[PDB]
Amino acid sequence: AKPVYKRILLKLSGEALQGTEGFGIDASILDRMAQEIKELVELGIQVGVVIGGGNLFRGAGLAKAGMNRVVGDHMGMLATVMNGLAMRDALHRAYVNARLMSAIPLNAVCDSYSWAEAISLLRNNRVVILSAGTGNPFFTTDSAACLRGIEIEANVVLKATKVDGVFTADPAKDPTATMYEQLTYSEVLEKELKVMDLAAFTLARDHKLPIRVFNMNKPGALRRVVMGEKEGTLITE
Amino acid sequence: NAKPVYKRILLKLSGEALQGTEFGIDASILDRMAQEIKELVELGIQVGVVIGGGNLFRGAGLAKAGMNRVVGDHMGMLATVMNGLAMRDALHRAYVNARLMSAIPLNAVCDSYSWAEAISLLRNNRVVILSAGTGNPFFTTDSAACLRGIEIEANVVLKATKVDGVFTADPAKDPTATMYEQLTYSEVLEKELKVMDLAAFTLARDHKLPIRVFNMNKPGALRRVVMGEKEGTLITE
Amino acid sequence: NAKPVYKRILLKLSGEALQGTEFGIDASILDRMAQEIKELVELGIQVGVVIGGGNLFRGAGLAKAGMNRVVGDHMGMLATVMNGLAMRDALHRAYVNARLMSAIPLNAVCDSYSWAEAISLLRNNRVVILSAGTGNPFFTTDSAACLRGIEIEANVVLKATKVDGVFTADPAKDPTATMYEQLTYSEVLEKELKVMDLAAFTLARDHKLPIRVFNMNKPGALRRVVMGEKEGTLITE
Amino acid sequence: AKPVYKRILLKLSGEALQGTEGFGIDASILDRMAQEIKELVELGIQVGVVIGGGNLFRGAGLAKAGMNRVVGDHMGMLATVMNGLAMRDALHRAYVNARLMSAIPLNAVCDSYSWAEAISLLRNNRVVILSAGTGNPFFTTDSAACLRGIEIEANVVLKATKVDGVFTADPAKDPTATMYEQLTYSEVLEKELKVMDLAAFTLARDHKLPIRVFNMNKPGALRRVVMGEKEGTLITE
Amino acid sequence: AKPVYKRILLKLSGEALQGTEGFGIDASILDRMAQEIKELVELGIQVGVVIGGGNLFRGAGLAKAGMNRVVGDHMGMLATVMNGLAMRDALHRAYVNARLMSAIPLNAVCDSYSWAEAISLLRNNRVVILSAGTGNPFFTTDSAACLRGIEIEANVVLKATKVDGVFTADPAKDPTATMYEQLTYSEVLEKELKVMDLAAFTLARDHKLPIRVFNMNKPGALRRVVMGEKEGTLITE
Amino acid sequence: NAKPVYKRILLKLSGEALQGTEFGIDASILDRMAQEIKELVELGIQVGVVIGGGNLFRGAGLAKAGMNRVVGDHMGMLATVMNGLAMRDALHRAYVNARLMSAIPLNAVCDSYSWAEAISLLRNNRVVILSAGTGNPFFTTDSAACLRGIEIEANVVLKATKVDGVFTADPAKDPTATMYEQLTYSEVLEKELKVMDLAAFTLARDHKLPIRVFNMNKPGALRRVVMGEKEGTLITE
Ligand SMILES: O=c1ccn([C@@H]2O[C@H](COP(=O)(O)OP(=O)(O)O)[C@@H](O)[C@H]2O)c(=O)[nH]1
Ligand SMILES: O=c1ccn([C@@H]2O[C@H](COP(=O)(O)OP(=O)(O)O)[C@@H](O)[C@H]2O)c(=O)[nH]1
Ligand SMILES: O=c1ccn([C@@H]2O[C@H](COP(=O)(O)OP(=O)(O)O)[C@@H](O)[C@H]2O)c(=O)[nH]1
Ligand SMILES: O=c1ccn([C@@H]2O[C@H](COP(=O)(O)OP(=O)(O)O)[C@@H](O)[C@H]2O)c(=O)[nH]1
Ligand SMILES: O=c1ccn([C@@H]2O[C@H](COP(=O)(O)OP(=O)(O)O)[C@@H](O)[C@H]2O)c(=O)[nH]1
Ligand SMILES: O=c1ccn([C@@H]2O[C@H](COP(=O)(O)OP(=O)(O)O)[C@@H](O)[C@H]2O)c(=O)[nH]1
């Protein structure tokens with residue numbers, strides 16, 4: 001009963017790190033994710049992780065408050081980096097070899113994203129955190145996830161969410177919605193389901209980047225997914 | 001026919017003063033400070049501005065939750081940049097020439113701190129924002145405020161806080177908390193009042209750098225200081 | 001007493017359009033575009049220009065020959081810079097204030113892309129060339145053209161190609177290839193015409209960013225577009 | 001009889017490298033320090049070394065000659081880097097794994113200071129040289145020593161000096177002064193003894209960073225100190 | 001019958017990578033050179049490789065077309081980098097440990113040239129590619145070859161050419177010319193033979209950097225040269 | 001009504017000429033050169049200035065003492081920057097617009113060398129100092145002086161030494177040492193005189209770049225050269 005993936009791209013949204021107040025970072029959560037990621041690395045899995053920033057800032061939201069869209073998306077990106085810092089530290093304190101790279105060159109705090117070094121690091125059993133997303137405004141860390149996954153030739157992008165997977169509708173606002181166990185792009189687009197930003201998904205589809213949606217707040221789920229069990233939704237075609 | 005009592009200042013904007021209820025950044029406070037800073041610039045005053053990050057993260061805070069103290073300060077310093085980004089945008093949208101420099105090289109998002117480049121810019125009547133403080137862990141922005149304040153040879157360091165001046169304690173927690181209106185670097189010590197952190201204080205005292213503590217949540221407060229009018233607490237030799 | 005119909009544009013110069021017979025760069029086309037760009041600048045038009053690299057390398061091309069797709073796009077992106085270098089030189093030798101920025105930091109050879117710095121420069125009537133496109137593999141310059149076009153808030157993206165406009169096919173290969181003169185982001189799709197690559201197209205549609213496709217191998221073509229005269233194909237909502 | 005320290009921060013003043021003319025660097029001295037440092041690394045000790053610049057330049061001294069204080073401190077910092085280069089080379093020629101990092105980003109000659117990589121390097125038995133001090137003007141490499149020591153969580157900062165330790169007065173200008181074998185901050189400050197720049201010391205005290213003053217020109221002293229013998233003065237509290 | 005060189009500097013001209021059209025890169029050729037370089041590394045040889053850009057651009061040629069000489073040499077340098085990218089990829093796909101460094105800092109695509117790291121990498125059996133030449137205009141990659149060879153203390157610079165070696169004249173335009181098996185600088189200069197740019201050669205002579213000219217299109221030649229056989233011409237004194 | 005005989009020059013200031021008795025930098029010589037350079041700038045002369053480091057370190061010197069030659073040149077090159085820092089400060093304190101660029105990127109302390117940026121600056125009547133010479137080991141600043149001199153298209157390279165002109169030997173060591181007042185790149189060779197180092201000399205000869213050697217320890221010497229008056233030795237074709 002060994003793992004069914006060699007290299008994966010873990011997409012961690014900003015919310016995932018949110019405590020109970022709705023903002024910031026919750027030390028306890030980070031530590032738990034570190035233990036889970038750790039188990040995967042021990043299991044011989046090469047882990048790349050793209051983190052979001054919803055717990056701190058979103059360019060759109062700021063833009064609405066009157067701020068320039070580009071600068072909003074910049075601050076939002078810096079936020080992803082601020083999260084990566086937290087994730088990395090947790091990994092380190094748990095004695096897991098990891099390194100933070102940023103699309104937005106941030107000398108001192110971490111090194112800049114380098115596809116070459118990224119791969120080398122991956123082939124050396126080190127967790128590689130890709131913050132600052134794609135580095136461009138008008139994009140979501142989800143795109144970053146798909147882009148970085150195609151780049152590092154990940155076997156699959158695991159989209160962590162506070163939900164067991166993809167439902168016929170929002171399973172928290174419509175007690176009728178049912179989860180899917182298997183899905184294909186054409187279907188997701190056909191029935192117009194919510195998996196992620198269209199651009200990021202279009203890209204994943206264009207390169208047949210399998211996507212799996214699972215719940216990150218469900219202890220063990222991560223492991224079950226990589227160990228090929230019944231967890232969340234699978235997206236391919 | 002009054003006219004300003006200062007030629008070039010070092011304005012320290014505390015991050016906490018950018019919250020405006022509930023963490024995050026308060027767009028409206030930002031828009032207001034751009035206006036008040038705009039007036040000073042039209043008034044011919046050169047403005048260097050050190051910004052804090054208390055509204056997002058404090059190294060020490062994170063450390064107690066378990067994070068590595070040094071990574072905590074890094075996140076903290078990165079918050080100042082995030083705040084420096086929003087403050088610059090407010091300036092720009094108010095049509096005020098401003099540039100953002102960071103102690104830790106961000107590149108692209110903003111400029112790296114360049115002492116010489118900062119002097120030139122101030123001379124050409126442009127607001128120079130300094131984020132990432134001193135750029136070293138274990139220090140505060142108050143320290144940077146003094147350090148940069150001396151570097152650019154500012155006439156005084158205006159510490160913009162949330163209260164009218166230096167009090168005998170947190171006026172929000174101790175009903176028995178009075179503020180002073182005059183202090184010598186001595187008195188502050190021979191009374192051990194809450195102004196900054198000895199390291200920064202000593203620095204200013206060392207170079208006979210006056211300090212004035214005032215409230216930025218008070219519209220027009222800054223201008224009054226600039227016009228030499230009864231405002232906040234003055235700290236001199 | 002006509003005068004320009006645009007204040008600030010995003011000129012996308014395809015690399016292939018710089019060949020002029022046999023790969024490489026055609027000095028004479030370069031000298032000519034500097035002249036036509038010089039007129040627009042004297043005409044008061046702010047010019048941001050995204051340049052391609054089709055005359056030297058295309059990631060996808062190299063990939064089929066066996067190279068790593070990502071290293072291929074890198075080479076590709078580096079070609080755009082090489083083209084950005086020659087275009088800037090032509091501008092300079094024509095006495096036109098121009099600066100070259102790269103998505104991937106070259107430093108020394110040219111400047112790193114700085115959104116803010118780009119806005120300032122355009123405002124001071126200086127040509128801002130953007131090379132290395134989006135700076136990420138798997139994307140085209142057309143994408144960058146739209147991405148940057150939106151960033152600097154350009155009035156329109158002028159895609160400078162080798163043909164008079166968007167055709168039903170490659171007019172050089174399909175004798176049955178007609179071009180249109182008007183299209184809605186819709187029609188382009190509900191006809192599936194050759195304009196760009198959905199990713200870039202969608203982007204422009206998303207932000208109601210008009211696009212006009214014209215021939216740069218036609219001396220004076222650009223100016224006519226700028227003067228709002230029957231030229232190329234117009235793509236709007 | 002094994003070592004009593006696991007990780008130490010070696011503070012080497014500029015003078016230490018001075019030949020007999022009073023300036024520059026003396027090849028012979030460097031080589032000797034390299035052999036001693038080497039022995040420590042072989043002994044399993046993780047060594048971090050902060051070097052000064054007194055043998056070349058001091059910002060204050062230059063300032064007095066009329067030069068700007070900030071630029072003086074800059075040149076002085078560059079000097080620390082110039083020394084590090086020399087120290088590193090010596091370490092390399094003696095086949096000791098070492099790396100120079102600079103607070104002032106100096107691409108090519110060495111890499112920039114990165115707390116993360118610094119620690120990783122330390123955990124890999126490599127000597128880590130921290131030049132350019134803290135990177136800020138108005139500071140001494142002594143502060144840098146204390147700051148870098150607290151950061152890398154060094155077990156103790158060993159302050160090398162051309163004296164056996166801390167005396168009741170200058171043991172070279174008052175034949176009565178006696179050396180201390182043990183001291184505490186409060187005492188040093190109480191009797192106002194000379195250990196180092198007040199700021200650097202205040203910082204060390206604030207974080208209980210044990211400090212040991214010993215003679216670097218006394219062959220073997222370094223080893224005796226780390227091997228817990230009767231050498232120089234100890235400072236804790 | 002083991003190798004007679006421990007560390008070599010392989011000078012690969014741009015032409016060497018040229019397909020049959022006269023320009024660009026030929027995937028097939030790269031792959032073959034990768035296999036040969038691979039054999040050398042397996043053989044315990046430390047390989048440093050300086051690549052040219054003649055297959056893409058030469059500053060002089062561009063200058064003649066009217067472009068600024070400096071910018072011409074810049075684009076030409078970027079070309080060397082574009083080749084290095086190709087060479088590196090080939091090495092990687094052939095599972096040979098290699099790294100591209102550039103004299104012209106090119107963050108992301110590769111790292112910048114660092115003599116220190118270069119040597120460390122060499123001592124670790126990794127191919128080190130030195131692109132962007134010397135980094136200065138008015139120089140040839142040949143100089144770069146000699147300069148980088150003296151720096152990395154290479155045992156010899158192997159100048160690959162599409163000719164078996166150095167002839168009394170051009171062996172392709174004068175069927176009488178004969179190849180030399182052994183030569184000395186004084187002789188090359190005396191009889192004024194074509195080996196490389198005078199500057200690069202003067203430098204090599206000044207430091208007694210043995211030079212060997214051989215044919216790179218002659219499968220096995222590389223190996224024969226390093227295995228001390230009868231191949232090409234030797235240049236020393 | 002004389003007026004200058006040059007529009008733009010390349011002033012090579014030897015480091016040794018900044019000692020003024022005993023190594024180090026002589027504040028008074030610095031203050032004097034700022035004045036003499038100030039006059040040239042007010043006189044409308046564009047000034048690019050290559051600075052040496054002979055007063056602090058010479059790679060070759062260190063090499064003989066045992067250091068790695070390459071690390072020696074690095075230290076050497078870093079001295080030029082240190083000298084470039086003090087010279088810029090003198091300029092600034094004399095109210096002369098000046099910028100310092102380094103061949104090896106220092107960032108923050110000064111600017112990276114930017115050919116284009118240097119041309120723009122000279123055109124806007126600002127002194128552009130070039131430190132770190134060519135930025136490569138094994139070369140001298142004299143080389144950089146010629147290399148940069150050609151790059152910026154200077155009218156002549158003024159080598160500022162410690163003696164009145166090119167002598168038949170060191171006038172301080174050989175009583176039988178006469179200087180010339182006219183030389184052809186030829187004579188210099190067909191007499192093998194002490195002007196620079198063939199590499200740099202050849203370079204200037206290559207591009208018909210005249211050279212004039214004069215004494216900077218002679219107040220007003222520079223201006224006389226600039227005014228085309230009997231001063232130093234002239235080296236032309
Ligand atoms: O490629 C990217 C990735 C992120 N962002 C910005 O940074 C924020 C990151 O938060 P995101 O919404 O992607 O994170 P998550 O929703 O996953 O918590 C976004 O809101 C954007 O403003 C961006 O502009 N481009
Ligand atoms: O020189 C500096 C300045 C700031 N910080 C960190 O960044 C935070 C900035 O917030 P600060 O408390 O200075 O802001 P304010 O109190 O002014 O709101 C600090 O708590 C530190 O963790 C740092 O480490 N070094
Ligand atoms: O955002 C970008 C823009 C370009 N490229 C690469 O660089 C080449 C640039 O040529 P492009 O086809 O964009 O130029 P054009 O078609 O306009 O001649 C592309 O083929 C890609 O390989 C890239 O990877 N990312
Ligand atoms: O954090 C620092 C460290 C050093 N320096 C400057 O660089 C010199 C380094 O010499 P220092 O006196 O620290 O060295 P040492 O006395 O140990 O020989 C100082 O004089 C300062 O001018 C600085 O400004 N800040
Ligand atoms: O130190 C160097 C190396 C290269 N180049 C430029 O980049 C090109 C590289 O091609 P080169 O002729 O050196 O390559 P090869 O002849 O070996 O194919 C040259 O033509 C120059 O324009 C340069 O200016 N300086
Ligand atoms: O292109 C350069 C210029 C200088 N240097 C080094 O830095 C020192 C600078 O001093 P130089 O002798 O050029 O100065 P000057 O003789 O003009 O006083 C040299 O000795 C070299 O070690 C170098 O390696 N490369």
# chains A, B, ... in the order shown; residues from 1 in each chain; ligands from 1
call {"tool": "select_by_dssp", "arguments": {"residues": "stretch 43-236 of chain D", "states": "strand (DSSP E)", "output": "PyMOL selection string"}}
result
chain D and resi 46-51+98-102+111-112+127-131+156-161+182-183+211-215+233-235
call {"tool": "residues_near_ligand", "arguments": {"ligand": "ligand 4", "cutoff": "10 Å", "atoms": "only C-alpha atoms and all ligand atoms", "output": "NGL selection string"}}
result
:D and (11-18 or 50-63 or 69-81 or 83 or 103 or 131-145 or 147 or 159-161 or 196-197 or 200)
call {"tool": "atom_distance", "arguments": {"atom1": "atom CA of residue B:183", "atom2": "atom CA of residue B:206"}}
result
15.5 Å
call {"tool": "interface_residues", "arguments": {"of": "chain C", "to": "chain E", "cutoff": "7 Å", "atoms": "only C-alpha atoms", "output": "NGL selection string"}}
result
:C and (27 or 65 or 67-68 or 71 or 74-75 or 82 or 85 or 89 or 104-107 or 109)
call {"tool": "write_last_selection", "arguments": {"atoms": "C-alpha atoms", "output": "PDB file, in the first residue's frame"}}
result
ATOM      1  CA  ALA C  27      18.403  46.789 -39.318  1.00  0.00           C
ATOM      2  CA  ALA C  65      13.394  19.201 -31.150  1.00  0.00           C
ATOM      3  CA  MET C  67      14.779  20.615 -25.366  1.00  0.00           C
ATOM      4  CA  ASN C  68      13.082  21.083 -21.982  1.00  0.00           C
ATOM      5  CA  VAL C  71      14.356  26.126 -20.911  1.00  0.00           C
ATOM      6  CA  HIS C  74      13.567  30.945 -21.313  1.00  0.00           C
ATOM      7  CA  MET C  75      15.640  31.120 -24.474  1.00  0.00           C
ATOM      8  CA  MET C  82      17.818  40.770 -27.515  1.00  0.00           C
ATOM      9  CA  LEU C  85      18.028  45.823 -27.112  1.00  0.00           C
ATOM     10  CA  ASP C  89      19.272  51.299 -29.889  1.00  0.00           C
ATOM     11  CA  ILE C 104      13.493  38.601 -15.946  1.00  0.00           C
ATOM     12  CA  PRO C 105      16.118  40.851 -14.247  1.00  0.00           C
ATOM     13  CA  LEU C 106      19.124  41.341 -16.523  1.00  0.00           C
ATOM     14  CA  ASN C 107      20.596  44.276 -14.641  1.00  0.00           C
ATOM     15  CA  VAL C 109      22.182  45.484 -19.867  1.00  0.00           C
TER      16      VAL C 109
END
call {"tool": "closest_residue", "arguments": {"among": "E:98, E:204, E:193, E:211", "to": "chain A", "atoms": "only C-alpha atoms"}}
result
E:98
call {"tool": "interface_residues", "arguments": {"of": "chain E", "to": "chain D", "cutoff": "8 Å", "atoms": "only C-alpha atoms", "output": "list in words"}}
result
residues 112, 113, 114, 115 and 116 of chain E
call {"tool": "interface_residues", "arguments": {"of": "chain F", "to": "chain C", "cutoff": "12 Å", "atoms": "only C-alpha atoms", "output": "ChimeraX atom specification"}}
result
/F:101-105,107,111-120
call {"tool": "write_last_selection", "arguments": {"atoms": "N, CA, C and O atoms", "output": "mmCIF file, in the first residue's frame"}}
result
data_model
loop_
_atom_site.group_PDB
_atom_site.id
_atom_site.type_symbol
_atom_site.label_atom_id
_atom_site.label_comp_id
_atom_site.auth_asym_id
_atom_site.auth_seq_id
_atom_site.Cartn_x
_atom_site.Cartn_y
_atom_site.Cartn_z
ATOM 1 N N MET F 101 29.287 54.223 -10.075
ATOM 2 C CA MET F 101 28.847 52.936 -10.597
ATOM 3 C C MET F 101 29.957 51.927 -10.377
ATOM 4 O O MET F 101 31.132 52.281 -10.435
ATOM 5 N N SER F 102 29.592 50.674 -10.129
ATOM 6 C CA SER F 102 30.592 49.635 -9.919
ATOM 7 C C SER F 102 30.451 48.509 -10.913
ATOM 8 O O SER F 102 29.344 48.104 -11.233
ATOM 9 N N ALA F 103 31.590 48.019 -11.394
ATOM 10 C CA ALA F 103 31.632 46.913 -12.338
ATOM 11 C C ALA F 103 31.017 45.710 -11.644
ATOM 12 O O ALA F 103 30.269 44.959 -12.254
ATOM 13 N N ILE F 104 31.339 45.526 -10.365
ATOM 14 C CA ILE F 104 30.758 44.428 -9.610
ATOM 15 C C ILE F 104 29.616 45.052 -8.796
ATOM 16 O O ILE F 104 29.834 45.938 -7.972
ATOM 17 N N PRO F 105 28.374 44.605 -9.035
ATOM 18 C CA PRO F 105 27.188 45.117 -8.339
ATOM 19 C C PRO F 105 27.260 45.149 -6.818
ATOM 20 O O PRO F 105 27.318 44.109 -6.165
ATOM 21 N N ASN F 107 25.098 47.558 -5.127
ATOM 22 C CA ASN F 107 23.705 47.820 -4.804
ATOM 23 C C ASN F 107 23.598 48.495 -3.436
ATOM 24 O O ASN F 107 24.208 48.050 -2.458
ATOM 25 N N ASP F 111 25.658 52.460 -7.547
ATOM 26 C CA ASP F 111 24.947 51.859 -8.677
ATOM 27 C C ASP F 111 25.798 50.830 -9.413
ATOM 28 O O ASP F 111 27.025 50.858 -9.348
ATOM 29 N N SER F 112 25.135 49.926 -10.123
ATOM 30 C CA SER F 112 25.833 48.921 -10.914
ATOM 31 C C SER F 112 26.204 49.659 -12.191
ATOM 32 O O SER F 112 25.501 50.588 -12.584
ATOM 33 N N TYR F 113 27.294 49.268 -12.842
ATOM 34 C CA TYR F 113 27.664 49.950 -14.071
ATOM 35 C C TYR F 113 26.613 49.740 -15.141
ATOM 36 O O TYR F 113 26.264 48.604 -15.468
ATOM 37 N N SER F 114 26.128 50.843 -15.698
ATOM 38 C CA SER F 114 25.114 50.798 -16.739
ATOM 39 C C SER F 114 25.558 51.711 -17.871
ATOM 40 O O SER F 114 25.432 52.930 -17.781
ATOM 41 N N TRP F 115 26.097 51.113 -18.925
ATOM 42 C CA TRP F 115 26.579 51.862 -20.076
ATOM 43 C C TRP F 115 25.594 52.926 -20.538
ATOM 44 O O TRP F 115 25.952 54.094 -20.685
ATOM 45 N N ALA F 116 24.358 52.515 -20.790
ATOM 46 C CA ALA F 116 23.351 53.450 -21.258
ATOM 47 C C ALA F 116 23.142 54.525 -20.210
ATOM 48 O O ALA F 116 23.223 55.716 -20.498
ATOM 49 N N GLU F 117 22.887 54.105 -18.983
ATOM 50 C CA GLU F 117 22.672 55.063 -17.917
ATOM 51 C C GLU F 117 23.851 56.042 -17.786
ATOM 52 O O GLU F 117 23.669 57.193 -17.387
ATOM 53 N N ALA F 118 25.051 55.595 -18.140
ATOM 54 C CA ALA F 118 26.234 56.446 -18.039
ATOM 55 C C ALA F 118 26.248 57.516 -19.119
ATOM 56 O O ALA F 118 26.675 58.656 -18.885
ATOM 57 N N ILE F 119 25.795 57.143 -20.308
ATOM 58 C CA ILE F 119 25.753 58.089 -21.413
ATOM 59 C C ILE F 119 24.731 59.167 -21.065
ATOM 60 O O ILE F 119 25.008 60.358 -21.138
ATOM 61 N N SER F 120 23.542 58.739 -20.669
ATOM 62 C CA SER F 120 22.503 59.688 -20.311
ATOM 63 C C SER F 120 23.031 60.690 -19.272
ATOM 64 O O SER F 120 22.925 61.903 -19.466
#
call {"tool": "closest_atom_pairs", "arguments": {"of": "chain B", "to": "ligand 2", "cutoff": "7 Å", "atoms": "only C-alpha atoms and all ligand atoms", "output": "tab-separated table"}}
result
residue	atom	partner	partner_atom_place_in_ligand_line	distance
B:13	CA	ligand 2	17 (O)	6.5
B:14	CA	ligand 2	17 (O)	3.5
B:15	CA	ligand 2	18 (O)	3.8
B:16	CA	ligand 2	18 (O)	4.5
B:51	CA	ligand 2	17 (O)	6.6
B:52	CA	ligand 2	14 (O)	3.6
B:53	CA	ligand 2	10 (O)	3.8
B:54	CA	ligand 2	18 (O)	3.2
B:55	CA	ligand 2	18 (O)	6.1
B:57	CA	ligand 2	8 (C)	6.2
B:58	CA	ligand 2	20 (O)	3.4
B:59	CA	ligand 2	22 (O)	3.2
B:60	CA	ligand 2	22 (O)	6.0
B:72	CA	ligand 2	22 (O)	5.8
B:73	CA	ligand 2	22 (O)	3.4
B:74	CA	ligand 2	24 (O)	5.9
B:75	CA	ligand 2	7 (O)	6.7
B:76	CA	ligand 2	7 (O)	3.3
B:77	CA	ligand 2	7 (O)	3.8
B:79	CA	ligand 2	7 (O)	6.8
B:80	CA	ligand 2	9 (C)	6.1
B:132	CA	ligand 2	3 (C)	5.7
B:133	CA	ligand 2	1 (O)	3.9
B:134	CA	ligand 2	1 (O)	3.5
B:135	CA	ligand 2	1 (O)	5.0
B:136	CA	ligand 2	25 (N)	4.8
B:137	CA	ligand 2	24 (O)	3.6
B:138	CA	ligand 2	24 (O)	5.1
B:139	CA	ligand 2	25 (N)	4.2
B:140	CA	ligand 2	3 (C)	3.9
B:141	CA	ligand 2	13 (O)	3.8
B:142	CA	ligand 2	13 (O)	6.2
B:143	CA	ligand 2	1 (O)	6.3
B:144	CA	ligand 2	1 (O)	5.5
call {"tool": "residues_around", "arguments": {"residues": "residue C:34", "least_positions_apart": "5", "cutoff": "12 Å", "atoms": "only C-alpha atoms", "output": "PyMOL selection string"}}
result
chain C and resi 27-29+39-42+47+49+86-98+127+216+219-220+222
call {"tool": "write_last_selection", "arguments": {"atoms": "C-alpha atoms", "output": "PDB file, in the first residue's frame"}}
result
ATOM      1  CA  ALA C  27      18.403  46.789 -39.318  1.00  0.00           C
ATOM      2  CA  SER C  28      16.328  48.729 -41.846  1.00  0.00           C
ATOM      3  CA  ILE C  29      12.984  47.716 -40.355  1.00  0.00           C
ATOM      4  CA  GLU C  39       6.458  60.695 -34.660  1.00  0.00           C
ATOM      5  CA  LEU C  40       3.947  59.226 -32.202  1.00  0.00           C
ATOM      6  CA  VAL C  41       6.046  60.502 -29.313  1.00  0.00           C
ATOM      7  CA  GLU C  42       6.370  63.958 -30.862  1.00  0.00           C
ATOM      8  CA  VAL C  47       4.169  54.459 -25.884  1.00  0.00           C
ATOM      9  CA  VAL C  49       5.923  48.519 -26.393  1.00  0.00           C
ATOM     10  CA  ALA C  86      18.163  46.455 -30.864  1.00  0.00           C
ATOM     11  CA  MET C  87      14.857  48.341 -30.875  1.00  0.00           C
ATOM     12  CA  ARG C  88      16.047  50.596 -28.045  1.00  0.00           C
ATOM     13  CA  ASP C  89      19.272  51.299 -29.889  1.00  0.00           C
ATOM     14  CA  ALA C  90      17.349  52.304 -32.994  1.00  0.00           C
ATOM     15  CA  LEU C  91      15.255  54.617 -30.825  1.00  0.00           C
ATOM     16  CA  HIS C  92      18.338  56.115 -29.220  1.00  0.00           C
ATOM     17  CA  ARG C  93      20.134  56.623 -32.537  1.00  0.00           C
ATOM     18  CA  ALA C  94      16.948  58.396 -33.708  1.00  0.00           C
ATOM     19  CA  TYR C  95      17.168  60.653 -30.632  1.00  0.00           C
ATOM     20  CA  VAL C  96      14.092  59.269 -28.913  1.00  0.00           C
ATOM     21  CA  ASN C  97      14.040  58.878 -25.146  1.00  0.00           C
ATOM     22  CA  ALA C  98      13.615  55.165 -24.504  1.00  0.00           C
ATOM     23  CA  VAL C 127       9.170  54.902 -24.716  1.00  0.00           C
ATOM     24  CA  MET C 216       4.059  46.977 -39.563  1.00  0.00           C
ATOM     25  CA  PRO C 219       5.265  52.131 -43.769  1.00  0.00           C
ATOM     26  CA  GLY C 220       2.990  54.618 -42.044  1.00  0.00           C
ATOM     27  CA  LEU C 222       0.919  52.648 -37.312  1.00  0.00           C
TER      28      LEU C 222
END
call {"tool": "atom_distance", "arguments": {"atom1": "atom CA of residue A:168", "atom2": "atom CA of residue A:227"}}
result
25.5 Å
